[PDB]
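Enquirer: You'll find data_38.cif just under this line, and it carries mmCIF, C-alpha atoms.
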data_start
#
loop_
_atom_site.group_PDB
_atom_site.id
_atom_site.type_symbol
_atom_site.label_atom_id
_atom_site.label_comp_id
_atom_site.auth_asym_id
_atom_site.auth_seq_id
_atom_site.Cartn_x
_atom_site.Cartn_y
_atom_site.Cartn_z
ATOM 1 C CA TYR J 1 0.000 0.000 0.000
ATOM 2 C CA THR J 2 0.969 3.615 -0.577
ATOM 3 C CA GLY J 3 0.028 7.271 -0.633
ATOM 4 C CA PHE J 4 -1.312 8.246 2.801
ATOM 5 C CA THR J 5 0.104 11.679 3.814
ATOM 6 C CA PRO J 6 0.000 14.229 6.604
ATOM 7 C CA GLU J 7 -2.301 16.380 4.394
ATOM 8 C CA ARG J 8 -4.806 13.455 4.220
ATOM 9 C CA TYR J 9 -4.687 12.903 7.972
ATOM 10 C CA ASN J 10 -5.412 16.602 8.534
ATOM 11 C CA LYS J 11 -8.389 16.446 6.159
ATOM 12 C CA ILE J 12 -10.004 13.576 8.135
ATOM 13 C CA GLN J 13 -12.315 14.684 10.888
ATOM 14 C CA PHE J 14 -14.242 13.245 13.811
ATOM 15 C CA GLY J 15 -17.756 11.938 13.070
ATOM 16 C CA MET J 16 -16.904 11.196 9.501
ATOM 17 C CA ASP J 17 -18.377 7.855 8.295
ATOM 18 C CA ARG J 18 -16.042 4.937 7.781
ATOM 19 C CA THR J 19 -16.739 5.119 4.032
ATOM 20 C CA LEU J 20 -15.767 8.821 3.832
ATOM 21 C CA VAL J 21 -12.625 8.326 5.907
ATOM 22 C CA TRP J 22 -11.705 5.447 3.633
ATOM 23 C CA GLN J 23 -12.188 7.461 0.485
ATOM 24 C CA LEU J 24 -10.263 10.535 1.678
ATOM 25 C CA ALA J 25 -7.455 8.353 3.046
ATOM 26 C CA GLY J 26 -6.996 6.764 -0.378
ATOM 27 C CA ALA J 27 -9.163 3.612 -0.069
ATOM 28 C CA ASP J 28 -7.688 0.288 -1.200
ATOM 29 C CA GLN J 29 -4.625 1.862 -2.730
ATOM 30 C CA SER J 30 -3.462 3.234 0.659
ATOM 31 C CA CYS J 31 -5.424 1.413 3.365
ATOM 32 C CA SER J 32 -6.228 -1.865 5.003
ATOM 33 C CA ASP J 33 -9.503 -2.380 6.899
ATOM 34 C CA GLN J 34 -8.511 -4.485 9.974
ATOM 35 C CA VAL J 35 -12.168 -4.193 11.339
ATOM 36 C CA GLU J 36 -11.078 -3.011 14.774
ATOM 37 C CA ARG J 37 -9.291 -0.109 12.938
ATOM 38 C CA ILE J 38 -8.287 1.143 9.452
ATOM 39 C CA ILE J 39 -4.546 1.379 8.792
ATOM 40 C CA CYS J 40 -3.405 3.671 6.023
ATOM 41 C CA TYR J 41 0.241 3.687 4.824
ATOM 42 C CA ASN J 42 2.439 6.386 3.433
ATOM 43 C CA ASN J 43 4.413 4.009 1.259
ATOM 44 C CA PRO J 44 4.987 0.211 0.710
ATOM 45 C CA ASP J 45 7.200 0.060 3.797
ATOM 46 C CA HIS J 46 4.495 -0.849 6.207
ATOM 47 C CA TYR J 47 6.814 -0.001 9.124
ATOM 48 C CA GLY J 48 6.840 3.577 7.630
ATOM 49 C CA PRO J 49 4.617 6.501 8.400
ATOM 50 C CA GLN J 50 0.940 5.569 8.800
ATOM 51 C CA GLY J 51 -2.359 6.739 10.227
ATOM 52 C CA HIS J 52 -4.843 4.580 12.092
ATOM 53 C CA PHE J 53 -8.531 5.308 12.422
ATOM 54 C CA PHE J 54 -11.149 3.913 14.753
ATOM 55 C CA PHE J 55 -14.893 4.053 14.759
ATOM 56 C CA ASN J 56 -17.789 3.961 17.179
ATOM 57 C CA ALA J 57 -20.595 1.366 16.932
ATOM 58 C CA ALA J 58 -22.279 3.585 14.424
ATOM 59 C CA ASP J 59 -19.179 3.500 12.141
ATOM 60 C CA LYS J 60 -18.371 7.271 12.725
ATOM 61 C CA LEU J 61 -14.771 8.342 13.406
ATOM 62 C CA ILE J 62 -13.931 8.772 17.044
ATOM 63 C CA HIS J 63 -10.112 8.125 17.137
ATOM 64 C CA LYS J 64 -7.047 9.216 15.088
ATOM 65 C CA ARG J 65 -3.569 7.707 15.714
ATOM 66 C CA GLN J 66 -0.388 8.481 13.750
ATOM 67 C CA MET J 67 3.132 7.109 13.754
ATOM 68 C CA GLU J 68 5.804 9.267 11.973
ATOM 69 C CA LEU J 69 3.452 11.468 10.082
ATOM 70 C CA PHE J 70 4.178 14.176 12.673
ATOM 71 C CA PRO J 71 7.164 13.102 14.612
ATOM 72 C CA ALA J 72 8.480 14.915 17.759
ATOM 73 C CA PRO J 73 10.678 17.556 16.104
ATOM 74 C CA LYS J 74 13.373 17.757 18.800
ATOM 75 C CA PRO J 75 13.511 14.485 20.789
ATOM 76 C CA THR J 76 15.300 15.127 24.063
ATOM 77 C CA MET J 77 13.246 13.158 26.613
ATOM 78 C CA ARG J 78 15.237 12.091 29.721
ATOM 79 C CA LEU J 79 14.356 10.350 32.918
ATOM 80 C CA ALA J 80 14.740 13.473 35.112
ATOM 81 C CA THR J 81 12.137 15.125 32.864
ATOM 82 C CA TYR J 82 9.785 12.107 33.151
ATOM 83 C CA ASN J 83 10.200 12.359 36.962
ATOM 84 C CA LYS J 84 8.852 15.963 36.981
ATOM 85 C CA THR J 85 5.405 14.693 35.905
ATOM 86 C CA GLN J 86 2.585 13.295 38.008
ATOM 87 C CA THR J 87 -0.942 12.173 37.306
ATOM 88 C CA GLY J 88 -3.475 14.961 38.060
ATOM 89 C CA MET J 89 -1.480 17.668 36.252
ATOM 90 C CA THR J 90 -3.246 19.860 33.781
ATOM 91 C CA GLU J 91 -1.868 20.011 30.231
ATOM 92 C CA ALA J 92 -0.372 23.449 31.070
ATOM 93 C CA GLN J 93 1.417 22.160 34.106
ATOM 94 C CA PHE J 94 2.683 19.233 32.032
ATOM 95 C CA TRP J 95 4.021 21.362 29.177
ATOM 96 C CA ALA J 96 5.897 23.501 31.718
ATOM 97 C CA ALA J 97 7.722 20.343 32.812
ATOM 98 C CA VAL J 98 8.096 18.686 29.410
ATOM 99 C CA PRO J 99 9.111 20.518 26.244
ATOM 100 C CA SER J 100 6.425 20.213 23.564
ATOM 101 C CA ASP J 101 9.016 19.672 20.875
ATOM 102 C CA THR J 102 10.070 16.379 22.493
ATOM 103 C CA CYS J 103 6.654 14.794 22.168
ATOM 104 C CA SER J 104 4.570 13.500 19.262
ATOM 105 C CA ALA J 105 0.797 13.812 19.304
ATOM 106 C CA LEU J 106 0.231 10.086 19.047
ATOM 107 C CA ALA J 107 -3.574 9.975 19.260
ATOM 108 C CA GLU J 108 -6.722 12.001 19.842
ATOM 109 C CA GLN J 109 -10.002 10.406 20.786
ATOM 110 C CA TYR J 110 -13.556 11.622 21.266
ATOM 111 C CA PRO J 111 -15.286 8.351 22.260
ATOM 112 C CA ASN J 112 -18.643 10.041 22.723
ATOM 113 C CA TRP J 113 -18.661 12.099 19.486
ATOM 114 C CA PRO J 114 -20.636 14.120 18.702
ATOM 115 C CA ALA J 115 -20.355 14.940 22.406
ATOM 116 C CA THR J 116 -16.798 16.095 23.256
ATOM 117 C CA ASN J 117 -16.356 14.820 26.859
ATOM 118 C CA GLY J 118 -14.063 11.847 27.730
ATOM 119 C CA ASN J 119 -11.502 13.254 25.240
ATOM 120 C CA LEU J 120 -8.332 11.272 25.372
ATOM 121 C CA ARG J 121 -5.157 12.857 24.168
ATOM 122 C CA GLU J 122 -2.019 10.715 24.005
ATOM 123 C CA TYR J 123 1.626 11.681 23.660
ATOM 124 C CA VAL J 124 4.793 9.684 23.008
ATOM 125 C CA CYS J 125 8.032 11.552 23.940
ATOM 126 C CA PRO J 126 11.201 9.931 22.593
ATOM 127 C CA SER J 127 14.743 10.460 23.754
ATOM 128 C CA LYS J 128 16.306 10.552 20.297
ATOM 129 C CA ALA J 129 15.192 10.689 16.664
ATOM 130 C CA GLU J 130 16.063 7.026 15.626
ATOM 131 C CA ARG J 131 13.176 4.638 15.253
ATOM 132 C CA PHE J 132 12.167 2.870 18.443
ATOM 133 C CA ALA J 133 14.132 5.152 20.721
ATOM 134 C CA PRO J 134 13.306 4.868 24.412
ATOM 135 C CA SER J 135 10.262 7.013 25.172
ATOM 136 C CA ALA J 136 7.778 8.194 27.766
ATOM 137 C CA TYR J 137 3.997 7.732 27.173
ATOM 138 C CA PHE J 138 1.275 10.088 28.539
ATOM 139 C CA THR J 139 -2.518 10.127 28.392
ATOM 140 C CA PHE J 140 -4.738 13.107 29.259
ATOM 141 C CA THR J 141 -8.435 12.476 29.958
ATOM 142 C CA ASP J 142 -10.272 15.819 29.427
ATOM 143 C CA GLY J 143 -7.062 17.807 29.950
ATOM 144 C CA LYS J 144 -5.826 16.056 33.149
ATOM 145 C CA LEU J 145 -2.903 13.566 33.137
ATOM 146 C CA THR J 146 -4.364 10.176 33.960
ATOM 147 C CA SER J 147 -1.631 7.760 32.673
ATOM 148 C CA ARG J 148 2.227 8.056 32.592
ATOM 149 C CA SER J 149 4.925 5.451 31.869
ATOM 150 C CA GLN J 150 8.360 5.082 30.418
ATOM 151 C CA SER J 151 11.010 2.558 29.637
ATOM 152 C CA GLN J 152 14.765 2.905 29.265
ATOM 153 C CA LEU J 153 14.963 6.690 29.308
ATOM 154 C CA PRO J 154 17.436 8.504 29.219
#
Any chance you could put this one into structure tokens?
Expert:
Amino acid sequence: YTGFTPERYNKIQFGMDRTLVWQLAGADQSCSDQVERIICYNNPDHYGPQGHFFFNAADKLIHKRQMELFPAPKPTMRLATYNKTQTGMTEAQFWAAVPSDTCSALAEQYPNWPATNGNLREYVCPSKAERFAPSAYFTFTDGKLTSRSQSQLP
């Protein structure tokens, strides 16, 4: 598969029907429908950049995930930085502790779309730019940090 791009991912919006997401993502040329999710690939290297899309019971988009379409531009994550964070922080308090440029916006979810509550916003913050670098993982539920983990930082 081939052809999924950052510009396509930005065009795709919550509540869109599975059929519309599929078409705008590039359909069979670019995507695989795994049932639980749709995976759409930038190029034939299926370890390469890709978007994933998930649907509610009504087949409307509620969840966008991306790997290397928008990577962390300056990966610098270190364990001392991970140790500044604690669950209960607001996003502002978090970004004062952790530089935004070291994190990738991994996923955004609105499980109750078209209602906007229960928003989950997930970040992966790697320590270096090489693939599979040690990283920290963070989840905000409605703007409060509810999950944090890491392995092998620095």
Enquirer: Given the PyMOL selection byres ((chain J and resi 37) around 12) and the file above, list the residues it selects as a list in words.
Expert: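 After applying the PyMOL selection byres ((chain J and resi 37) around 12), what remains is residues 18, 21, 22, 31, 32, 33, 34, 35, 36, 38, 39, 40, 51, 52, 53, 54, 55, 56, 59, 60, 61, 62, 63, 64 and 65 of chain J.
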Enquirer: Kindly indicate which residue among J:115, J:120, J:16, J:77 lies nearest to residue 143 of chain J, using all atoms listed in the file for the distances.
Expert: J:120
Enquirer: May I have the residues within 12 Å of residue 50 of chain J as a PyMOL selection string, using all atoms listed in the file and disregarding those fewer than 5 positions away in the same chain?
Expert: chain J and resi 1-6+8-9+25+30-32+38-45+64-71+106
Enquirer: Applying 8 Å and only C-alpha atoms, which residues near residue 135 of chain J remain after dropping the ones on its own chain fewer than 5 positions away? List them as a list in words.
Expert: residues 77, 124, 125, 126, 127, 150, 151, 152 and 153 of chain J
Enquirer: With the file shown as input, list the residues that the PyMOL selection byres ((chain J and resi 149) around 12) selects, as JSON, numbers by chain.
Expert: {"J": [79, 82, 83, 85, 86, 87, 122, 123, 124, 125, 134, 135, 136, 137, 138, 139, 145, 146, 147, 148, 150, 151, 152, 153]}
Enquirer: The PyMOL selection byres ((chain J and resi 74) around 10) - which residues does that actually catch in the file I just gave you? List them as a PyMOL selection string.
Expert: chain J and resi 71-73+75-77+99-104+125-129
Enquirer: What does the distance from atom CA of residue 91 of chain J to atom CA of residue 144 of chain J come to in Å, to one decimal?
Expert: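 Calculated distance between atom CA of residue 91 of chain J and atom CA of residue 144 of chain J is 6.3 Å.
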Enquirer: Just how far from atom CA of residue 110 of chain J is atom CA of residue 48 of chain J, in Å to one decimal?
Expert: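 If I compute the distance from atom CA of residue 48 of chain J to atom CA of residue 110 of chain J, I get 25.8 Å.
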Enquirer: My list of candidates is J:10, J:93, J:112, J:19. Which is closest to residue 57 of chain J when distances are computed with only C-alpha atoms?
Expert: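 When distances to residue 57 of chain J are compared using only C-alpha atoms, the smallest one comes from J:112.
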Enquirer: Quick one: distance from atom CA of residue 131 of chain J to atom CA of residue 108 of chain J in Å, one decimal?
Expert: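 Between atom CA of residue 131 of chain J and atom CA of residue 108 of chain J the gap works out to 21.7 Å.
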Enquirer: Pick out the closest residue to residue 14 of chain J from this set: J:88, J:119, J:113, J:97. Count only C-alpha atoms.
Expert: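 Looking at the shortest contact to residue 14 of chain J, the residue is J:113.
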Enquirer: Please supply segment 97-116 of chain J, rebuilt with N, CA, C and O atoms, as a PDB file, in the frame of the given file.
Expert:
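Heads up, here's the output in out32.pdb:
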ATOM      1  N   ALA J  97       6.746  21.323  32.346  1.00  0.00           N
ATOM      2  CA  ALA J  97       7.722  20.343  32.812  1.00  0.00           C
ATOM      3  C   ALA J  97       8.406  19.642  31.665  1.00  0.00           C
ATOM      4  O   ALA J  97       9.593  19.257  31.773  1.00  0.00           O
ATOM      5  N   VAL J  98       7.661  19.475  30.583  1.00  0.00           N
ATOM      6  CA  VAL J  98       8.096  18.686  29.410  1.00  0.00           C
ATOM      7  C   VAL J  98       8.033  19.533  28.150  1.00  0.00           C
ATOM      8  O   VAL J  98       7.011  20.105  27.854  1.00  0.00           O
ATOM      9  N   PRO J  99       9.162  19.659  27.423  1.00  0.00           N
ATOM     10  CA  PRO J  99       9.111  20.518  26.244  1.00  0.00           C
ATOM     11  C   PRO J  99       8.202  19.965  25.147  1.00  0.00           C
ATOM     12  O   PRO J  99       8.346  18.808  24.793  1.00  0.00           O
ATOM     13  N   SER J 100       7.328  20.783  24.567  1.00  0.00           N
ATOM     14  CA  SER J 100       6.425  20.213  23.564  1.00  0.00           C
ATOM     15  C   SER J 100       7.151  19.592  22.379  1.00  0.00           C
ATOM     16  O   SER J 100       6.709  18.566  21.792  1.00  0.00           O
ATOM     17  N   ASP J 101       8.306  20.188  22.039  1.00  0.00           N
ATOM     18  CA  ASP J 101       9.016  19.672  20.875  1.00  0.00           C
ATOM     19  C   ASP J 101       9.603  18.299  21.089  1.00  0.00           C
ATOM     20  O   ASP J 101      10.081  17.722  20.155  1.00  0.00           O
ATOM     21  N   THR J 102       9.603  17.767  22.313  1.00  0.00           N
ATOM     22  CA  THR J 102      10.070  16.379  22.493  1.00  0.00           C
ATOM     23  C   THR J 102       8.985  15.342  22.433  1.00  0.00           C
ATOM     24  O   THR J 102       9.260  14.173  22.653  1.00  0.00           O
ATOM     25  N   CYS J 103       7.760  15.734  22.167  1.00  0.00           N
ATOM     26  CA  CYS J 103       6.654  14.794  22.168  1.00  0.00           C
ATOM     27  C   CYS J 103       5.911  14.785  20.830  1.00  0.00           C
ATOM     28  O   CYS J 103       5.780  15.800  20.198  1.00  0.00           O
ATOM     29  N   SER J 104       5.400  13.617  20.426  1.00  0.00           N
ATOM     30  CA  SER J 104       4.570  13.500  19.262  1.00  0.00           C
ATOM     31  C   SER J 104       3.128  13.332  19.717  1.00  0.00           C
ATOM     32  O   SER J 104       2.859  12.639  20.706  1.00  0.00           O
ATOM     33  N   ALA J 105       2.215  14.001  19.029  1.00  0.00           N
ATOM     34  CA  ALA J 105       0.797  13.812  19.304  1.00  0.00           C
ATOM     35  C   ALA J 105       0.399  12.487  18.665  1.00  0.00           C
ATOM     36  O   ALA J 105       0.033  12.392  17.507  1.00  0.00           O
ATOM     37  N   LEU J 106       0.439  11.471  19.480  1.00  0.00           N
ATOM     38  CA  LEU J 106       0.231  10.086  19.047  1.00  0.00           C
ATOM     39  C   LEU J 106      -1.220   9.814  18.684  1.00  0.00           C
ATOM     40  O   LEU J 106      -1.519   9.139  17.663  1.00  0.00           O
ATOM     41  N   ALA J 107      -2.149  10.301  19.516  1.00  0.00           N
ATOM     42  CA  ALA J 107      -3.574   9.975  19.260  1.00  0.00           C
ATOM     43  C   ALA J 107      -4.490  10.990  19.901  1.00  0.00           C
ATOM     44  O   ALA J 107      -4.157  11.652  20.881  1.00  0.00           O
ATOM     45  N   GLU J 108      -5.665  11.134  19.331  1.00  0.00           N
ATOM     46  CA  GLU J 108      -6.722  12.001  19.842  1.00  0.00           C
ATOM     47  C   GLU J 108      -8.005  11.213  19.691  1.00  0.00           C
ATOM     48  O   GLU J 108      -8.310  10.694  18.601  1.00  0.00           O
ATOM     49  N   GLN J 109      -8.760  11.155  20.782  1.00  0.00           N
ATOM     50  CA  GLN J 109     -10.002  10.406  20.786  1.00  0.00           C
ATOM     51  C   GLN J 109     -11.138  11.176  21.387  1.00  0.00           C
ATOM     52  O   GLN J 109     -10.993  11.861  22.406  1.00  0.00           O
ATOM     53  N   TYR J 110     -12.298  11.101  20.725  1.00  0.00           N
ATOM     54  CA  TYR J 110     -13.556  11.622  21.266  1.00  0.00           C
ATOM     55  C   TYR J 110     -14.577  10.493  21.257  1.00  0.00           C
ATOM     56  O   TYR J 110     -15.363  10.349  20.310  1.00  0.00           O
ATOM     57  N   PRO J 111     -14.494   9.594  22.256  1.00  0.00           N
ATOM     58  CA  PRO J 111     -15.286   8.351  22.260  1.00  0.00           C
ATOM     59  C   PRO J 111     -16.787   8.606  22.171  1.00  0.00           C
ATOM     60  O   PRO J 111     -17.548   7.751  21.610  1.00  0.00           O
ATOM     61  N   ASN J 112     -17.212   9.795  22.606  1.00  0.00           N
ATOM     62  CA  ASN J 112     -18.643  10.041  22.723  1.00  0.00           C
ATOM     63  C   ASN J 112     -19.114  11.021  21.628  1.00  0.00           C
ATOM     64  O   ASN J 112     -20.250  11.422  21.669  1.00  0.00           O
ATOM     65  N   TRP J 113     -18.286  11.241  20.595  1.00  0.00           N
ATOM     66  CA  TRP J 113     -18.661  12.099  19.486  1.00  0.00           C
ATOM     67  C   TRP J 113     -20.093  11.726  18.986  1.00  0.00           C
ATOM     68  O   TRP J 113     -20.360  10.529  18.793  1.00  0.00           O
ATOM     69  N   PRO J 114     -20.970  12.693  18.774  1.00  0.00           N
ATOM     70  CA  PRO J 114     -20.636  14.120  18.702  1.00  0.00           C
ATOM     71  C   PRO J 114     -20.535  14.906  19.998  1.00  0.00           C
ATOM     72  O   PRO J 114     -20.371  16.122  19.961  1.00  0.00           O
ATOM     73  N   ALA J 115     -20.675  14.250  21.145  1.00  0.00           N
ATOM     74  CA  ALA J 115     -20.355  14.940  22.406  1.00  0.00           C
ATOM     75  C   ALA J 115     -18.819  14.923  22.534  1.00  0.00           C
ATOM     76  O   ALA J 115     -18.156  13.916  22.082  1.00  0.00           O
ATOM     77  N   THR J 116     -18.267  15.926  23.204  1.00  0.00           N
ATOM     78  CA  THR J 116     -16.798  16.095  23.256  1.00  0.00           C
ATOM     79  C   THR J 116     -16.095  15.733  24.582  1.00  0.00           C
ATOM     80  O   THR J 116     -14.843  15.938  24.760  1.00  0.00           O
TER      81      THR J 116
END
